[PDB]
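**Q**
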Amino acid sequence: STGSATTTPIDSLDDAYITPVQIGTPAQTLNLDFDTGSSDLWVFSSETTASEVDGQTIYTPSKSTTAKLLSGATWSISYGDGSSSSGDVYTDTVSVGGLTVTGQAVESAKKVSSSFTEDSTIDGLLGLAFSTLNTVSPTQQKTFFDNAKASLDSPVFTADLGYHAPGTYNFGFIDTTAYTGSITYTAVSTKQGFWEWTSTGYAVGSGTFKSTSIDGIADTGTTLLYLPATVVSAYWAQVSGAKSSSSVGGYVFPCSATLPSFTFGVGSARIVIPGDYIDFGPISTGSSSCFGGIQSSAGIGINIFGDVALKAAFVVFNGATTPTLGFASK
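Laid out in structure tokens, this is it:
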């Protein structure tokens, strides 16, 4: 089998992407944030504290003839940005772009933190990291991909995120029309439960490529590109007036600037992030100070190839017995 679904930016800055997901019988369609950096499929629901729901579409398990309470199971998750959610668990039928999993753990939120409440466009998350990170207790549950894998034509999914435009998540096949040149594959460590890999270096604008190993994670659920302070300083030094602002929480730059591109290495291959992808707009409405899309990972404890990087590529998440990651230009 295969599946194919369009993923759509939630706003004009590509702060996140939402993909429609069918849950239950009859289908209840929720728009979920597909997150290769976590491993829980959780939804706003009829069980979510009412004051914490503000515009989201909810899953109502009592209206699904295939929903079953997973007795005794609870979940609770905290994300890198400090947001969180928790609740109980149902199993139900979940379909993405025509690909159907029966008995998928659907984690129903009883509580969500303010950032979730305040984002009316995201109805939940669909985790695509390794199932070892799933938070369901006392019996850990499998991701949608892990459940689908054996049925797929090939044990892969691909992320093709757009810049200020829709893109595509495919399951079970590689669309050879969706990229240019070849896909370069690179080794993955699953030891921390992430799609963790090592970039071979970087360049800033038309500058020379610096060969250096940068370990980090391919994370569709993180907006920005988080890299070591040395790398980030080298980038922003090429933007007149750019500076790190402790009050704002990162590098900012004059909105009048033209940003240079940023290149990262995948083996001997190179992915080029155009400068415009690195502009996240005014820090506050009407400001002429703009927020940068490349930020320091210092104090995160891990480098993160988030949407800023991934959207410059066609990305293969290869879930073969030994997983690997592939990157192509597009």
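Each position in the sequence shown, counted from 1, maps to that position plus 2 in my numbering. For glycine and all other residues, C-beta sits at the position ideal for the given N, C-alpha and C.
Helix, strand or coil: which one does DSSP assign to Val190?
**A** coil
**Q** Say whether the region 28-39 touches the region 49-56, bearing in mind that this needs 3 or more beta-carbon pairs closer than 8 Å, one atom from each stretch.
**A** no
**Q** CA-CA distance, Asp13 and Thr210?
**A** In this structure, the alpha-carbon of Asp13 lies about 34 Å from that of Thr210.
**Q** I'd like the ranges of any alpha helix (DSSP H) spanning at least 4 consecutive residues and lying wholly in the region 64-124.
**A** 116-119
**Q** Between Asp125 and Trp77, what straight-line distance do the alpha-carbon atoms span, to the nearest angstrom?
**A** Their Cα atoms are separated by approximately 17 Å.
**Q** Are the Cβ atoms of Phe319 and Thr186 separated by less than 9 Å?
**A** no
**Q** Skipping 5 residues on each side, what residues in its chain have a beta carbon closer than 6 Å to that of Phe132?
**A** The residues are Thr192 and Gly195.
**Q** When we look at the beta-carbon of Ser110 and count the other beta-carbons within 10 Å, is it buried (16 or more) or exposed?
**A** Burial call: buried.
**Q** State the CB to CB distance for the pair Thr10 and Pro168, rounded to an integer number of angstroms; the pair is presumed to be in contact (CB under 8 Å).
**A** Yes, they are in contact, since the Cβ atoms of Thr10 and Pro168 sit about 5 Å apart, within 8 Å.
**Q** Starting from the C-beta of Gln143, find all residues in its chain whose C-beta is less than 6 Å away, skip the five residues before and the five after it, and write them out in chain order.
**A** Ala107 and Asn136
**Q** In terms of alpha-carbon separation, which member of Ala180, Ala244, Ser248 and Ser270 lies closest to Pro262?
**A** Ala244
**Q** According to DSSP, is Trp238 part of a helix, a strand, or is it coil?
**A** helix
**Q** Could you give the residue range of the beta strand (DSSP E) that holds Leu163?
**A** Here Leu163 belongs to no beta strand (DSSP E), and DSSP marks it neither H nor E.
**Q** Any idea what DSSP makes of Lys313, helix, strand or coil?
**A** coil
**Q** Check whether the Cβ atoms of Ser85 and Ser64 lie closer than 9 Å to each other.
**A** In this structure, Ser64 does not lie closer than 9 Å to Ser85 by Cβ.
**Q** Can the beta-carbon of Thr202 be found less than 9 Å from the beta-carbon of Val268?
**A** A contact, by the Cβ cut-off of 9 Å.
**Q** So, at 8 Å on beta carbons, what are the nonlocal neighbours of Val45 in its own chain, with the 5 sequence-adjacent residues on each side left out?
**A** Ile25, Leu32, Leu34, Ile60, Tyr61, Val108, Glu109, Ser110, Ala111, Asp125 and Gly126
**Q** Check whether the Cβ atoms of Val98 and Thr200 lie closer than 9 Å to each other.
**A** No.
**Q** Compute the Euclidean distance between the alpha carbons of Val138 and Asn305, then round it to the nearest angstrom.
**A** Those two C-alpha atoms are separated by around 26 Å.
**Q** Check this for me: beta carbons of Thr225 and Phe173, under 9 Å apart or not?
**A** With respect to the 9 Å criterion, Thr225 and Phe173 are not classified as neighbours on the basis of their beta carbons.
**Q** Are there any heavy atoms of the ligand ATP lying less than 8 Å away from the beta-carbon of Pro168, as far as the coordinates show?
**A** Absence of the ligand ATP is noted for the structure shown, with no ligands found whatsoever.
**Q** Can you give the beta carbon distance from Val206 to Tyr237, rounded, assuming they're within the 8 Å contact cut?
**A** 5 Å
**Q** Tell me, please, which residues DSSP counts as bridged to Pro284.
**A** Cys292
**Q** Out of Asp221, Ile216 and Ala220, which has the shortest C-alpha to C-alpha gap to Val234?
**A** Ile216
**Q** Can you grab the Cα-Cα spacing for the pair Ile273 / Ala314, in whole Å?
**A** 7 Å
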